[PDB]
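Before any questions on how it binds or moves, here is one chain, the form deposited in one PDB entry, in structure tokens.
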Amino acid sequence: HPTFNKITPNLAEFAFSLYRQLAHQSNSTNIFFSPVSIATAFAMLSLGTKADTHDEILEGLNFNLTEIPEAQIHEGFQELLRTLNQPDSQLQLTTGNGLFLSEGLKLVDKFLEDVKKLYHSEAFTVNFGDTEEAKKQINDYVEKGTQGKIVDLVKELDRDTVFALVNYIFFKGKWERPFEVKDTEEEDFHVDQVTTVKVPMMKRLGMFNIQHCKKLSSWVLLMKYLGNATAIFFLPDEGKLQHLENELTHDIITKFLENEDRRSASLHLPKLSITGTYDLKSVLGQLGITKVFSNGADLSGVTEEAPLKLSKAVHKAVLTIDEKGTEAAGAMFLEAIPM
């Protein structure tokens, strides 16, 4: 019956596909994103797009237009968002879509009720002639929404900004099988072949959802949060890291996700704080999303007054995992200007 799982795949793949790009960049640095956050923003962006430029969005997100109709995509997206923004009693998970428009712009009323209904978006009128106050006004939304966890999303706002699209996501959960804190104890992590960093290592010995697949060449752990979520970790065999990344596929994940078999082991894993803060532009370029970002962009969907364009597509996420669960957050920032 449902809509999500009709798209869930396409997300999945996209995400992996996206990841593989980020990997190519540095082999030397943490990576964290929210494939959702990035993705819904571009989707409700595409709402106001026509021809080649709309097509490369939807498509670049791994959607195959012949196979699945346009209008269904959003119907999809509509659902996924609803579903997420339900109250899990034990788990807390939220997202939000915001539009911030300059006072002068007259929009295509359609497009407006479109984002208002399908992506349940929120609408704000601003003056982009007070760049520092506009800049604030946004950074609070994201601060409010991600409850403080992301606070400097927009570092430089362009003086001629005609509008911005923003979306956030916030995640706070707890393990089922939470670590005991008496246990946590500093060990080595072997980053590189010559770099060794001392880390707080949390520990339990007990019955875990863990296994090893010679396919992936890895160990795999699944770690349920209380509620409708789960963490998966993949420890690649020595030398097999790049392999691991290449093999990963959504249907493979789903296999793991059906399995509920426990095995006993002695588990050691770090406690973590990283962030990722990205300029998505070249990256979605590789993924063949060029035209919006260019002088060939078509956003007649949004307004008739002038030819706009995407100048900045900027994402940042933060994650913290400890003995008691995880808190994690992301947001996407999109700015449009005239030619």
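Superpose the two forms; the largest set of C-alphas matching within 1.5 Å is the rigid core. A residue's number is simply how far along the shown sequence it sits, counting from 1. Residues that one form lacks are left out of the comparison.
One more form of this protein should be noted, the form deposited with a partner chain bound, which is absent from this view; the next part is about it.
- Message: Residue-level question: is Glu247 within 4.5 Å of its partner chain in the entry with it bound, judged on heavy atoms?
- Response: Judged by the heavy-atom cut-off of 4.5 Å, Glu247 is well away from its partner chain in the entry with it bound.
- Message: Since only the chain is shown here, I'm wondering whether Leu81 would be in contact with its partner chain in the entry with it bound (any heavy atom pair within 4.5 Å).
- Response: Yes - in the entry with it bound, heavy atoms of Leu81 and its partner chain come within 4.5 Å of each other.
- Query: Quick one: is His120 in contact with its partner chain in the entry with it bound, heavy atoms, 4.5 Å cut-off?
  - Reply: So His120 counts as contacting its partner chain.
- May I ask you to state whether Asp251 is within 4.5 Å of its partner chain in the entry with it bound, using heavy atom distances? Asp251: no, not in contact with its partner chain in the entry with it bound.
- Taking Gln21, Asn62 and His74 as the candidate spot, are all three within 4.5 angstroms of its partner chain in the entry with it bound by heavy atoms? Not a single residue of the candidate spot has a heavy atom within 4.5 Å of its partner chain in the entry with it bound.
- Where among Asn259, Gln86, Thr195, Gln242 does the Cα move by 2 Å or more between the shown form and the other one after the core is superposed? If I go through the list carefully, the shifting residue is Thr195.
- With the rigid core held as the fitting reference, name the runs of three or more adjacent residues whose C-alpha atoms all move by 2 angstroms or more between the shown form and the other one. Residues 192 to 195 form the sole shifted run.
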